[PDB]
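**Q** Take this structure, written in structure tokens, and hold onto it; I'll ask about it next.
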């Protein structure tokens, strides 16, 4: 058999239904989401970190002069200072007194912390969405399995064949450009490709964690060594990675709508309850039984004892019933007013039983259906005083 419906995209609660083909006894289907992962497709543009300005030793070219060349280093800086006469330990340095020479040489590179703490700049496309469902039907125990959310791909949970999706809405918490740092992700909308602005977010952009070409823009500027002393002073804007790491906005783990955490390894968005899931289950024929051996149910009445429209199962009702034969058969309320905790009941001779339920209505109007027959419990005027509520 094959039963189709639509269920809500909510994780913790189960979705219950009664699938029934005439001639056979109904079987209770109960399928519950556990995970719901809208996983986009990401490619790593670069990883930005805090820089380090390495300074190879300055060559002091006594009497004469030493012009330099340009070199293939990131943010490399030449300039030569004139008239230094430096003073090392235990004497002066090369008394020419108009040396016309000094070589301040500074260039940017990755720091040792760059391999431990870096912010990766991912681009984002729509990608895919999947989940992991847990299903029970009839008498078979709970069985769970990862399943794609789309109309095409089926899934073998036990023996029954499952098809869910596509998701009723294409909304995703992410957007075209995101930044991953640590365990968290930020919707920083403008990672820069090869155009850094000297210390905002992108100032040392490395195409990967080990690229041998680090686009460095830090306004590295060399300065005169004053009063005749050998050192390579410089002055650059503070790190942009440090600035972003300091004054970032809130993460997307804490401002994402629809209440979803953000797993990082596939860069998922777990349990983000929005929309609906079309559902189509294919149950084995063996799961059904001939209606001859199941309890026929007639001479039925439903008295509501007491209830309250809270999230939890704040409801009790009792149905009186005149038996046909002893057995065990299911319950389900297909209406949207009430949701019933109990799945199956043992009907003995004159079996009158009770069931608990939850509702959001002041005066309910749900109709219970117990083992191939329907009884309407109008319900009483119930008082007031995380779970399933229609609330319409």
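**Q** Counting other beta carbons within 10 Å of each Cβ, put 133, 337 in order, fewest first.
**A** Listed from fewest to most nearby Cβ atoms, that is 337, 133.
**Q** Follow-up. Okay, helix-only estimate at 222 nm for the chain: each DSSP H run of n ≥ 4 adds -39500 (n - 2.57), divide by all residues, round to 500 deg cm²/dmol; what do you get?
**A** -500 deg cm²/dmol
**Q** So what is the relative contact order of region 1-72, in percent, for Cα pairs below 8 Å that sit 6 or more residues apart?
**A** Relative CO of region 1-72 lands at 21 percent.
**Q** Based on other C-beta atoms within 10 Å, arrange 70, 104, 168 from fewest to most.
**A** Details: 70 8, 104 21, 168 14.
Fewest to most other Cβ atoms nearby, the residues stand as 70, 168, 104.
**Q** Could you please state, rounded to a whole Å, how far the C-alpha centre of region 267-331 is from the C-alpha centre of region 1-78?
**A** 41
**Q** Going by C-beta contacts inside 10 Å, put 105, 99 in order with the fewest on the left.
**A** 105, 99
**Q** Something else: How far is the Cα center of region 207-250 from the Cα center of region 132-158, in Å?
**A** Answer, in whole Å: 54.
**Q** Can you check what the Kirkwood hydrodynamic radius comes to for the chain, Cα pairs only, in Å to one decimal?
**A** After inverting the mean inverse Cα-Cα distance, the result is 27.0 Å.
Rule-based calculations on the coordinates, nothing more; no lab input. Neighbour counts run over all protein chains shown; Cβ positions are idealised from the backbone, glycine included.
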